[PDB]
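K.L.:
Pasting a structure below so you can have a look.
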Amino acid sequence: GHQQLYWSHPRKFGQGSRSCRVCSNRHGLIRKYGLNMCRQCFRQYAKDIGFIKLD
Amino acid sequence: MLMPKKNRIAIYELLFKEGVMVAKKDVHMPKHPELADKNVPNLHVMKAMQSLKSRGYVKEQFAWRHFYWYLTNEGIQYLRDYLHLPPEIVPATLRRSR
Amino acid sequence: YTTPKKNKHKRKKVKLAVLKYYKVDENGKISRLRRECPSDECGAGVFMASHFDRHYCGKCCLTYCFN
Amino acid sequence: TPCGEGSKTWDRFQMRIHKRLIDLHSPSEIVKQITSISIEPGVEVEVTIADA
Amino acid sequence: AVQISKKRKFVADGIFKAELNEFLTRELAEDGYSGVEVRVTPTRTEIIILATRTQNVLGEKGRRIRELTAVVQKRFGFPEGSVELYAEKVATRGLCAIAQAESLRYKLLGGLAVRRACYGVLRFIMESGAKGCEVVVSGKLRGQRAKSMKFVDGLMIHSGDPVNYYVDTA
RNA sequence: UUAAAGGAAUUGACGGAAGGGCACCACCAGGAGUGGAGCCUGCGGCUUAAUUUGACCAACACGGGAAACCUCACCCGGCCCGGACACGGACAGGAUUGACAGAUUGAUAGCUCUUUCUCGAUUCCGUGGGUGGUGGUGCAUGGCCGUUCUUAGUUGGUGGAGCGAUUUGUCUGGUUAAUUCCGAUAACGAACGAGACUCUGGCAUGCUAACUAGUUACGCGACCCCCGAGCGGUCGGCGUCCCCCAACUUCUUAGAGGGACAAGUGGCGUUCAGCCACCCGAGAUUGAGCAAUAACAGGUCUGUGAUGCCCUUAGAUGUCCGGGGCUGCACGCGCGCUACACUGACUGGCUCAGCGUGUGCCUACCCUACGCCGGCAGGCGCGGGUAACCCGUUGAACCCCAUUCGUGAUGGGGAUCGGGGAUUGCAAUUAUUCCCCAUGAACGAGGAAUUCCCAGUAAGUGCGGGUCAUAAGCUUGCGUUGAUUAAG
Ligand SMILES: [Mg+2]
Ligand SMILES: [Zn+2]
Ligand SMILES: [Zn+2]
């Protein structure tokens, strides 16, 4: 607690802040176009966004 | 949790007049966007609706990452009695559309 | 899983069972035992605290200097 | 791969959106009867301003 | 706010369709959900369910639409009453693979055997005018090592592009 | 002393068993080379308070992991409860929060302590309890991926053969990229897999269309002109959708459709399937995506509120905060850059592209033109661009011509290493990056062994995404230059 040093780190530039949109993977995500998904989850939601396969 | 009593009224007054609210599972997030006026933080919105599940009053699931909420039948009548409200002030789940 | 240097315990409070901060004389006469907090919300609402030489409002957080 | 083990595969999700264009000189109350004529989820049509 | 570019319009409404898919799958699992279709209007916008049982997705005087629309409103940022859902009975209940997989969930969570459950849903689809269909039930069966059952029945294509729209996976 | 040994047929796997076919994850013929040298990076080992961890053809530039702190588990230390709910006591004659001063500490942590105010039943304690977990177990599992497995295979029904497992079907051959076809026939009839299909690459001087793409024509502007003429040369100079003060589609963008099918001619073979070149033609094998049955005790519980059980639960494996480590070096191993010059390297000229990304509900910080200050890195103001609308005809490198250097460990190589300058940021120290001057090591074509590939192909050569605040020797795409050798 005690707000002065509670969240005192800069959660900014760098991978301490870039979270996955789905359920917060912080290892190897995609900042492109505002997808902001974990790459493990991009095959779960490939057909649903509009990122269909190689054609 | 802390339960500041003028601020539980702040979160109960909207969770009663509509049966929905949209907290997002990140606790170090400074401001709740839907209330936005009575300087309440994201954390108690979990830690008061934890208390509304565990009595048996509200019911929730889990989104991708957000929380949703739906009132039970027991949760409806208890909260108007909690806020000193009659059985004419009603939640928005009975009938609001035409 | 031993930790022999003994980390400190919980913040236990004052718990002293005596308030009595309005002395009564001459069949009813009022005494502010401590100075009141001169803030812009709590004039004669609360008591400004009293250390042995300094004063500091416990709520509104302004201070009275070292004298 | 959801792990790091495999034999080095790389799939290429490519999305290709197309676009066309049409002018008008017409008054824009009947721009409303240009919009509301197909329900059609598979279009994204945009209304350019009629200030000229 | 001020408007944004076109390549991120198309992942905005893409990720809009993916999220309420995941929520309504968790929300309407026990009612035979089977997907949603969106319509965007610059007015009151328009969404439909494809539910098997249009009973439970309705409330009394529409309760499980009006709170199932308000969380749609109050999450993304749709304005004051600009969105509406609808229940809709999906034609040939035993032909979209997601629906009865949600309904054979409760044939396994109901407490039957897996072999009564698999053959029961297999004959149903067959008698609902199917050309070929299969079910694989994989996991921890009777025993300790997880071995898998499959019940391929009829004829089925697997390769090329026509395994995109002649088939539905679940 | 022991529950099998032993017989005969069947399906697989195997054989340094025979026959027949295929593959540059195989060879022959050849090139690029790694292994030799410097280095960046990965793994083991040793060392450490910790050097967290997974994997040993299908591990070793892999965990889309190029970590300054965050992320992060590991180590050293300081806080917080973010332990819901149910049970009783402590709660009105003194339960629970917060906080200035100071010896408090890493610390403006009220952590503790002295002193002492404030908060308002929220709680605290006792007990049962969820809970959280980048805590274990991928040999409890789901999803997914990897592989034998990119090679041509797999299966019922129904008959026949058989006590029976099983088998013929699924074949002697001919042919084919291929159980691909012909045909041969106790088998007949079918399904996948292949193919087809989708994308892409190539011709459409055909069709439809163009103030966000252009061409041609014209009027103006400017220069040049033997001479002095201009329907002469140059112009990405200006204007021709602004209410017509021009048309048009070759080049740009797509959209439909057309196009090649092994069709024609010959030689072959059972004039069967087909093969061999030739003629027409843009093209007579464009390249990849998807991909079967049945499986591995393949990997991942550290993507996941996918998850069973166990462990841990406030002196927490939860979680915040500062520092250290993930980068430490007698050694070895694997990818990869630069090289080792004269077919080179300098210096100055001349020069031609494609692929694509770009300002946010959260998250605040993008592409940059120009102008003016700096010998470079840079700095300020002004703008455009949410984009065929701006960067931008993307003046990339190689190259080419012009000069300097001459076989010298040299102006080749630029490791190592000193000092200074700026940008990034909360922080550059254990050097983030960029720039300067100075320093000038091996390295003189590479042992046994081994990879990759045959047509815009190998290769030299740069640019562009992705990780990004700073960030590419990595990866994934792009175009330029462009081959020797092969049809077995
Ligand atoms: Mg996970
Ligand atoms: Zn006051
Ligand atoms: Zn342990």
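By order of appearance in the structure tokens: chains A, B, ..., then residues from 1 within every chain, and ligands from 1 in the order shown.
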Would you mind listing, as a VMD selection string, all residues of chain E that have at least one atom within 8 Å of chain A, where only C-alpha atoms are what counts?
P.N.:
chain E and resid 7 to 8 11 13 to 15 17 to 18
K.L.:
Return as a PDB file with C-alpha atoms (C1' of nucleotides), in the first residue's frame the residues of protein, DNA or RNA that approach ligand 3 to within 10 Å, with only C-alpha atoms (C1' of nucleotides) and all ligand atoms taken into account.
P.N.:
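Contents of the output file pocket_13.pdb:
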```pdb
ATOM      1  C1'   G F 135       4.679 -23.565  -7.440  1.00  0.00           C
ATOM      2  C1'   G F 136       5.446 -28.961  -8.741  1.00  0.00           C
ATOM      3  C1'   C F 311       2.409 -28.456  -2.358  1.00  0.00           C
ATOM      4  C1'   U F 312       2.151 -23.523  -0.462  1.00  0.00           C
ATOM      5  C1'   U F 317       6.215 -19.977  -3.569  1.00  0.00           C
TER       6        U F 317
END
```
K.L.:
Quick one: residues within 9 Å of residue A:2, only C-alpha atoms (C1' of nucleotides) counted, chain neighbours fewer than 4 positions away excluded, as a ChimeraX atom specification?
P.N.:
/A:6 /F:79-80,109
K.L.:
Could you list, as a PyMOL selection string, every residue of chain A that has an atom within 8 Å of an atom of chain F, counting only C-alpha atoms (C1' of nucleotides)?
P.N.:
chain A and resi 1-2+5-16+23+25-28+38-41+54-55
K.L.:
Write out as a list in words each polymer residue (protein, DNA or RNA) that has an atom no more than 10 Å from ligand 2, with only C-alpha atoms (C1' of nucleotides) and all ligand atoms counted.
P.N.:
residues 37, 38, 39, 40, 41, 42, 43, 44, 45, 46, 57, 58, 59, 60, 61 and 62 of chain C
K.L.:
Any chance you could export the current selection's N, CA and C atoms as a compact mmCIF listing (two decimals), in the first residue's frame?
P.N.:
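Resulting contents of part-v5.txt:
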```txt
# COMPACT_ATOMS: atom_id res chain seq x y z
N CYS C 37 -7.98 22.93 15.46
CA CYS C 37 -7.29 22.89 14.18
C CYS C 37 -7.76 24.04 13.30
N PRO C 38 -6.87 24.96 12.89
CA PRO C 38 -7.32 26.22 12.27
C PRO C 38 -7.64 26.11 10.79
N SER C 39 -7.83 24.89 10.29
CA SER C 39 -8.01 24.64 8.87
C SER C 39 -9.32 25.23 8.35
N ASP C 40 -9.46 25.19 7.02
CA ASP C 40 -10.60 25.76 6.32
C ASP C 40 -11.77 24.79 6.20
N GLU C 41 -11.82 23.75 7.04
CA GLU C 41 -12.97 22.87 7.08
C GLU C 41 -13.34 22.53 8.52
N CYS C 42 -12.36 22.52 9.43
CA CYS C 42 -12.58 22.03 10.79
C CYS C 42 -12.28 23.05 11.88
N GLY C 43 -12.79 24.27 11.71
CA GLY C 43 -12.79 25.23 12.80
C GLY C 43 -13.71 24.81 13.93
N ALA C 44 -13.12 24.53 15.10
CA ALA C 44 -13.82 24.10 16.32
C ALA C 44 -14.63 22.81 16.12
N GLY C 45 -14.21 22.02 15.14
CA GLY C 45 -14.76 20.70 14.92
C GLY C 45 -13.90 19.65 15.59
N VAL C 46 -12.59 19.72 15.38
CA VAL C 46 -11.65 18.75 15.93
C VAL C 46 -10.58 19.50 16.72
N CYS C 57 -1.83 19.40 12.99
CA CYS C 57 -3.18 18.90 12.86
C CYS C 57 -3.14 17.49 12.29
N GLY C 58 -3.74 16.54 13.01
CA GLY C 58 -3.67 15.14 12.63
C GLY C 58 -4.42 14.80 11.36
N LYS C 59 -5.39 15.63 10.97
CA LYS C 59 -6.15 15.43 9.74
C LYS C 59 -5.67 16.32 8.60
N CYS C 60 -5.69 17.64 8.78
CA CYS C 60 -5.52 18.54 7.64
C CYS C 60 -4.06 18.77 7.28
N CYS C 61 -3.13 18.31 8.12
CA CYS C 61 -1.71 18.13 7.84
C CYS C 61 -0.91 19.42 7.71
N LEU C 62 -1.43 20.57 8.13
CA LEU C 62 -0.54 21.71 8.31
C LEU C 62 0.07 21.64 9.71
```
